[PDB]
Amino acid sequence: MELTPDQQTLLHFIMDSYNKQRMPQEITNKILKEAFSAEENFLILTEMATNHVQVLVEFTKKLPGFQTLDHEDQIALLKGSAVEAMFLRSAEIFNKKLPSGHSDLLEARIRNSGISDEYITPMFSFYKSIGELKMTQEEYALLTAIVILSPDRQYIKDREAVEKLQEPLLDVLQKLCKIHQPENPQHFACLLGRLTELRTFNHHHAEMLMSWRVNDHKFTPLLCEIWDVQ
């Protein structure tokens, strides 16, 4: 029922690693302060996305057993999850409680940031569906670790090795879902279902960058590797 001492140790370790990220307040304060051009927002995006990948690699390296994995599988896991992890973190940031009217202004600013119309609606639909779950910080951290340690990622040679590392994280998350939401026995299943919805963002992530309403689409060499853009 309750977390065991080993699970409590695992949870605080994942939380400490997860907390090394930029505070949501920092990101939203920047976007709410003043409106920027599509060109200025494109550069803000590439800076933030580059920093997110760097922080994600350090978080991933700290995941128990990750560094014991086959090196090619390590690359396949990071490359397969980087985009999904960024959208999950964007959903967390979007659903953080702000003063009256601020979340509406934040949504309006992102809606007019330069991103194409085709990608706007699905993005906010995902953020609002994530928001309805009313996830705790621990749920976001564990869910991010579960996304990274996905054994059914493309090019993974040894699935079982990845399964073994993901399994205890799923066990902790399931227990937390039962504790934080005993009224909703579907909470855990819903979280896992949202991970399938996250995967549809990989299908058009490169296009979301390429279709940004700017004249030139300059990317950092690290972003080119992770987002499949030139």
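Numbering starts at 1 and runs along the sequence shown. Whichever C-alpha set is largest while still superposing within 1.5 Å between the two forms counts as the rigid core.
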property	result
In 9 other deposited structures of this protein, rigid core aligned: more displaced of 30-38 and 159-167 by C-alpha RMS	30-38
Greater root mean square CA deviation, 68-76 compared with 111-119 in 9 other deposited structures of this protein, core aligned	111-119
Mean C-alpha temperature factor, higher of 202-210 and 11-19	202-210
Between the two ranges 46-54 and 32-40, the one averaging a larger CA B factor in the entry	32-40
Given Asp73, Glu92, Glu118, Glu139, the residue at which the Cα B factor reaches its maximum	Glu118
Deposited CA B-factor, highest of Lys61, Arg194, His187, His180	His180
Assigned third (lowest, middle, highest) for the C-alpha B factor of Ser125	middle
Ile156 CA temperature factor, ranked by third within the chain	highest
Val162 - which third its CA temperature factor falls in, relative to the rest of the chain	lowest
CA B-factor placement of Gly80, once the chain's modelled residues are sorted into thirds	lowest
For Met135, the third of its chain into which the C-alpha B factor falls	middle
